[PDB]
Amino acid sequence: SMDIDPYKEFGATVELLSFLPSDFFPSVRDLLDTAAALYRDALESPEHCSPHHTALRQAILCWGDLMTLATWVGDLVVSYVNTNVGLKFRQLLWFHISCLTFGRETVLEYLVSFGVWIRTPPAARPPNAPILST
């Protein structure tokens, strides 16, 4: 059987996105709303635009597929998707939306800095976390 890593073609790995703690990522609702707010025109375009655009299109739709099945169930069902699957798509949606805004290299440097920073005990950790920028 196959083992495909969604981030490998984009220069990262599943293990790398997991270096960021689970409570770092915005909610799925807030990420989808931002993909719309920032990239709706391109996401709906007939042009490919970029591999990030192509991947982001499918991620949005797939979460739609998971939600349409969960909402057709009825509460206990919706909890399973949000608990298990939810973090997976919060990393994926965050990765692609951030890469489109700031660039892939900039996103990866930020990911490591934050992961090291958030892991430093509070007694020693600098007051300002690293920030993302161009």
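When you see a residue number, it is the position in the sequence shown, counting from 1. Only the largest set of C-alpha atoms that superpose within 1.5 Å between the two forms is called the rigid core.
Participant: Give, as the answer, the stretch of 81-89 and 100-108 that departs more from the shown form in 7 other deposited structures of this protein; the measure is RMS Cα distance after a core fit.
Facilitator: Between 81-89 and 100-108, greater C-alpha deviation in 7 other deposited structures of this protein belongs to 81-89.
Participant: Between 19-27 and 109-117, which has its CA atoms farther from the current form in 7 other deposited structures of this protein, using a rigid core superposition?
Facilitator: Higher root mean square deviation of C-alphas in 7 other deposited structures of this protein is shown by 109-117.
Participant: Please figure out whether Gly74 and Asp75 are truly consecutive in the deposited sequence or have unmodelled residues between them, and give none, 1 to 3, 4 to 9, or 10 or more.
Facilitator: The entry has 4 to 9 unmodelled residues between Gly74 and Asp75.
Participant: Quick one: say whether 81-89 or 27-35 has the higher mean Cα B-factor in the deposited entry.
Facilitator: Looking at the record's C-alpha B-factors, the answer is 81-89.
Participant: Please compare 36-44 with 92-100 and name the stretch with the higher mean C-alpha B-factor in the deposited structure.
Facilitator: The recorded data point to 36-44.
Participant: Determine which member of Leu108, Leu69, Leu56, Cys62 has the highest CA B-factor, using the values in the deposited entry.
Facilitator: Largest recorded C-alpha B-factor: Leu69.
Participant: According to the PDB entry, is the CA B factor of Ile118 in the bottom, middle or top third of its chain, that is, lowest, middle or highest?
Facilitator: Its C-alpha B-factor, which the entry lists for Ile118, ranks in the lowest third among residues of this chain.
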